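Have a look at the structure below before the remarks.
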Amino acid sequence: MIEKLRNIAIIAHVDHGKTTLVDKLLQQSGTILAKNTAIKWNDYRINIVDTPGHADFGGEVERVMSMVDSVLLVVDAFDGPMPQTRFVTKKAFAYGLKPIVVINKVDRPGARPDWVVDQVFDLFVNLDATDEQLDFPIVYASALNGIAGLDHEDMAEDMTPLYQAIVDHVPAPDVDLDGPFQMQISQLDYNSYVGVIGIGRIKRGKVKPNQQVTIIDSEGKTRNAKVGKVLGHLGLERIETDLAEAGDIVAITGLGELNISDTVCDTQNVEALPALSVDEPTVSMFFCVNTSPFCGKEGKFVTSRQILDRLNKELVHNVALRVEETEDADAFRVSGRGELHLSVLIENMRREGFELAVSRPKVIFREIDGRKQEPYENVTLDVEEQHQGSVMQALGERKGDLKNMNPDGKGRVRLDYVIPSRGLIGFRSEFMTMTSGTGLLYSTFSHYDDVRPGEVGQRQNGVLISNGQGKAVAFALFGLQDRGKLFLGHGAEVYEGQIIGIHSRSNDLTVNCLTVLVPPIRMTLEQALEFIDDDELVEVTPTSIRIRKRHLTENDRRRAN
Ligand SMILES: Nc1nc2c(ncn2[C@@H]2O[C@H](COP(=O)(O)OP(=O)(O)O)[C@@H](OP(=O)(O)OP(=O)(O)O)[C@H]2O)c(=O)[nH]1
Ligand SMILES: [Mg+2]
């Protein structure tokens, strides 16, 4: 009794029918999405918790999964599953949740349900349990009409098969109704009338308005408070309730500054629920003050603490990242998930109005049981068949181990790889031009494991390094084309230590561009960041970035060799 509850989270790539599907289930029942939709189906109560967009919204994806006992993956019947919902699905699997797959928009012409079933099945190469990829039921749906069915040619007149599937395959909450009250805050909310609102799934006991309560944070500090209002979810709404009990997803009111991972307990049985998530970072990278002779030239805020300041503001936007204090009091060791994670952070701090020097990204090594390990990750690539042998050749040099390949039948092909992050770093640049911009690459962290012995191929070419500061003249540049490709044309302002071109040969060449042209190479941030070597840096400024050596002068470099 009182276990007719079904707490489920819903996942769907944008414009795949998740707002429209839940919108049916609501109107066909006895009861933008809301962060939670409550649904009455006969005597079952279904909580459909919405998942956020496909950026790390502070890691709300783990918070949401912490409140649900199953996940509902909605998939377009033609386009199939999209890579953007990779990580949300991944985390649902990490929380041991078994999925319910809804294949929507099945009434569209060209719909290929058989194909998207295989795609979704294959996508569950999220090293997930046999258990999870086993026996995930499949419901076909056309929410535009409101049709659900276990087959797509045979189909019910409404959404009943979906309800039934939810009831049948979603476990009831693992909660104790008789124990003392216990509830962890999973999300927060505010209304100028009520104050701060705390949201979670009651793990134990029951709660009434005006009940006395004790809140314990992660570390173990406690305070006493009196709950004001207990708000239960009904439609897209919250009504005041006189009673909420274990398994219920509700919102609480009378408590003060509730923090996510706070545990609300009966005053005499205070027991904190374990703080839940952390994406351990896997790629480190150094942010530095821009030591260039172009200090404050194109960027407003450029100081040591000026950077460290914002280096403790984005800490809360993001638990995947860390920030550390280096001994050089003008440079900092910031780590993240992928190189893509840290990259756009700069591209934002760029037009956030900054100026900083940044190293090349390296994997964070870890020692486990005396044996050092590194991060490996899953890579899937979609190229044409003309590049097939080419990108295959390249990935093997970066210690990529081929696991699968699947021709499109229409001239393309998808490859699958297990690769150390070490070998994958900065590939995208080499990928696109190689595949001429048509190929597609996706990556997902898998596991740490014993390092692959050896090193990845270095840059091979050397760089043309400026010997002085001034405006580059076309007269000189024309002479440099005899021995490489350039990064600028006539009239560009340069200083000493700056890298201005790519040497045709292997060694670094200090060159003078101060004493008509072929088109210059302009490098995007990512592009240029993949180019940089360990003894070099990228200088980033609000409308463009420069490539520079660590030691700016000829003499200093020679000493360091
Ligand atoms: N053929 C077919 N189409 C479906 C179905 N379900 C949803 N759609 C289409 O997708 C659109 C709904 O967008 P959602 O898919 O619900 O948005 P969401 O991913 O963020 O949840 C509808 O038009 P829309 O509301 O005008 O889109 P928009 O203007 O809100 O972006 C409708 O055209 C279906 O079962 N069959
Ligand atoms: Mg929309």
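The count begins at 1 with the first shown residue.
This entry, so its header tells us, was determined using X-ray crystallography, 3.3 Å.
Here the Cβ of each residue, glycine as well, is placed from N, Cα and C on the backbone.
Quick look at what Swiss-Prot annotates:
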- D15, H16, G17, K18, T19, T20, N104, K105, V106, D107, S142, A143, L144: GTP binding site (BINDING)
- 179-296: region 'Domain II (or beta barrel domain)' (REGION)
- 279-361: region 'Domain III' (REGION)
- 362-458: region 'Domain V' (REGION)
Exercise. For the stretch where 24 residues weren't modelled, take the C-alpha of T31 and of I32 and tell me their separation in angstrom, rounded to whole.
Key: 19
Exercise. Using the structure shown, find which entry in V106, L144 (the binding-site residues) has the sparsest Cβ neighbourhood within 10 Å.
Key: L144
Practice problem: Find, for the listed binding-site residues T19, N104, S142, the residue with the lowest Cβ contact count at a 10 Å cut-off, counting only other Cβ atoms. | Solution: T19
Quiz item: Going through the binding-site residues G17, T19, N104, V106, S142, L144 in sequence order, which have a CB under 6 Å from an atom of ligand 1?
Solution: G17, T19, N104, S142, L144
Practice problem: Report, as a whole number of Å, the distance between the Cα atoms of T515 and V516, which flank a stretch of 16 unmodelled residues in this deposited structure. | Solution: 16
Self-check item: Cβ packing number for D15 (GTP binding site), 10 Å threshold
Solution: 12
Quiz item: Name the residues of the same chain, 6+ apart in sequence, whose Cβ is under 8 Å from the Cβ of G17 (GTP binding site)?
Solution: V74, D76, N104, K105, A141, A143, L144
Quiz item: According to DSSP, how is the region 'Domain V' (362-458) divided among helix, strand and coil residues?
Solution: 22 helix, 46 strand, 29 coil
